[PDB]
Amino acid sequence: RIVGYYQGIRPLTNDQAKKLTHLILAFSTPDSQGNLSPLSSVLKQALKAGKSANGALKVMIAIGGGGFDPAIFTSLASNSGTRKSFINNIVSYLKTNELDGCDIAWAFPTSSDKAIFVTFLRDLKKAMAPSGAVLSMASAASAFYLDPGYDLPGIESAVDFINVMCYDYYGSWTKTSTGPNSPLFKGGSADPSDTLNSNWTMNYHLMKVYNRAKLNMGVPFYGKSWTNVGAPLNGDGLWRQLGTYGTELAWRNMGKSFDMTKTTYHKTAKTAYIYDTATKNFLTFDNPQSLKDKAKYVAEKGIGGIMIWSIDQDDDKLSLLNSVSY
Ligand SMILES: CC(=O)N[C@@H]1[C@@H](O)[C@H](O[C@@H]2O[C@H](CO)[C@@H](O[C@@H]3O[C@H](CO)[C@@H](O[C@@H]4O[C@H](CO)[C@@H](O[C@@H]5O[C@H](CO)[C@@H](O)[C@H](O)[C@H]5NC(C)=O)[C@H](O)[C@H]4NC(C)=O)[C@H](O)[C@H]3NC(C)=O)[C@H](O)[C@H]2NC(C)=O)[C@@H](CO)O[C@H]1O
Ligand SMILES: *[C@@H]1O[C@H](CO)[C@@H](O[C@@H]2O[C@H](CO)[C@@H](O)[C@H](O)[C@H]2NC(C)=O)[C@H](O)[C@H]1NC(C)=O
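With the authors' numbering applied, the sequence shown covers 25 to 350.
In structure tokens, the structure reads:
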């Protein structure tokens, strides 16, 4: 599988559509009653572009998302009556909007949600099964969220695949140092963390699920910046004194603001970063090399596919998607 999430940053091109097996439009959100927000114009355009260019492509709607209040999912899913009506609305929405499935993006289920989340996904799949609509969900990357909220065997028993979000390992909340948004591995002896890497997150999933073919390893087409960054903490320039958080930058916008010839490729972590000694700017990101190393890992581990957040962040020449694709 090559599962591409899509945010409406720019049109979906005919070339992109052919490189995916699944296109996940993001997002629709439910209200407190379980009514889904209408599909936006930019997302509807991508549905049409995708199906026109690739008649095998499955176009799905992601429901929820990182900005969406998880207490609304709690409310809808915990009451058997509202669960039923929410599910019926989801299935009606797929029909009305000519969609092939849906992704539940609940950020994040708590310990009180763990069992009802599984019931919701099981009951949703039952309602979707006659039409063959594809069901997926997005899963977290650290034990902090995974252990309380995610019964991975129960989830697996309901869904067609699990989109594992192996990114956002460092970010605006980080107080200790710079670090990689999405490395493949722990970065050697200077790395202060054993777990903030894609390999740890995927291994956690591999030890819990029955069939690893049901997993997709998520990869980001964006990176993150800090400014006023200082010296390495322990001899390795990936982890540097802070500094002020910048923002999340799509790949397509990085090279206009950073000199990409200064890229450092961390050979142990398999991650790309730039520290600019003239400006003290820092950029952690994924590039063609990091994605090639990640695709190789997915194949080596027998993981069922690669998920991308998000394909519209790629440049006009599809540097990132072609690296995953080729
Ligand atoms: C207090 C403290 O220190 N606590 C930490 C705790 O923070 C650590 O965990 C980390 O927490 C953060 C914040 O909760 C997590 O960051 C979330 O993670 C979400 C899942 O990865 C992520 O959403 C998914 O990923 C996409 C990219 O981030 C999202 O895209 C964004 O969507 C927006 C609309 O919804 C849009 O406006 C944005 O432009 C867009 N961004 C980009 C770059 O495209 C997307 O919504 C979502 N996709 C899906 C399929 O659901 C959140 O965006 C991200 N939040 C922020 C604010 O950046 C982070 O994942 C946690 N890390 C780990 C490893 O689990 C915790 C562990 O270190 O420790 C505690 O101590
Ligand atoms: C990828 O992650 C796995 C699991 O965390 C690592 O394998 C572990 O390696 C440690 C030594 O560092 C062993 O003590 C464990 O027994 C291993 N666990 C499993 C489940 O195999 C693996 O080394 C990581 N790969 C890289 C390149 O860092």
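C-beta: ideal position from N, C-alpha, C; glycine also.
Residue i CB to nearest heavy atom of ligand 1 below 7 Å
i	result
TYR169	yes
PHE209	no
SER206	no
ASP336	no
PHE110	no
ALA77	no
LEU63	no
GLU180	no
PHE97	no
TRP275	no
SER196	yes
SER166	yes
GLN31	yes
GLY91	yes
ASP192	yes
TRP263	no
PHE185	no
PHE51	yes
Reduced DSSP category for residue i - H, G, I as helix; E, B as strand; rest coil
i	result
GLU272	strand
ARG264	strand
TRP224	helix
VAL233	coil
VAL348	helix
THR295	strand
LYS248	strand
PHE92	coil
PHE209	coil
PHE282	coil
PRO256	strand
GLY326	coil
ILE33	coil
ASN112	helix
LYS43	coil
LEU239	strand
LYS82	strand
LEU123	coil
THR202	coil
Nearest-angstrom beta carbon gap, residue j and residue i [assumed within contact, 8 Å]
i	j	result
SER249	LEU307	5 Å
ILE335	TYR29	7 Å
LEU208	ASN223	6 Å
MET161	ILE186	6 Å
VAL253	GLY267	4 Å
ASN305	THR251	6 Å
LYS138	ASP175	5 Å
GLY88	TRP130	5 Å
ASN113	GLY58	6 Å
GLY329	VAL115	Not really, about 24 Å apart at Cβ, beyond 8 Å.
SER56	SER99	7 Å
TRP275	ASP339	6 Å
Buried or exposed (CB count within 10 angstroms, at least 16 for buried), residue i
i	result
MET278	buried
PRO35	exposed
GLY125	buried
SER206	buried
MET231	exposed
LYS119	exposed
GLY105	exposed
residue 355	With the chain covering only 25 through 350, there is no way to say anything about residue 355.
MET189	buried
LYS294	buried
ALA86	buried
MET284	exposed
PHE168	exposed
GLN40	buried
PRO54	buried
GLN265	exposed
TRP197	exposed
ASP218	exposed
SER347	buried
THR303	exposed
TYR193	buried
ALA323	exposed
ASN78	buried
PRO154	exposed
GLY211	buried
Residue i: CB within 7 Å of a non-hydrogen atom of ligand 2
i	result
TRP224	yes
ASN227	yes
Residue i: CB within 7 Å of a non-hydrogen atom of ligand 3
i	result
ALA70	No copy of ligand 3 appears in this structure; the ligands present are ligand 1 and ligand 2.
For a minimum of 4 consecutive residues, which ranges assigned as the alpha helix (DSSP H) are wholly contained in the segment 126 to 197? Runs of the alpha helix (DSSP H) inside the segment 126 to 197: 138 to 152, 167 to 173, 176 to 182.
Extract the residue ranges of the beta strand (DSSP E) inside the segment 46 to 76, only unbroken runs of 3 or more that lie entirely within it. Complete beta strand (DSSP E) runs here, min 3: 46 to 52.
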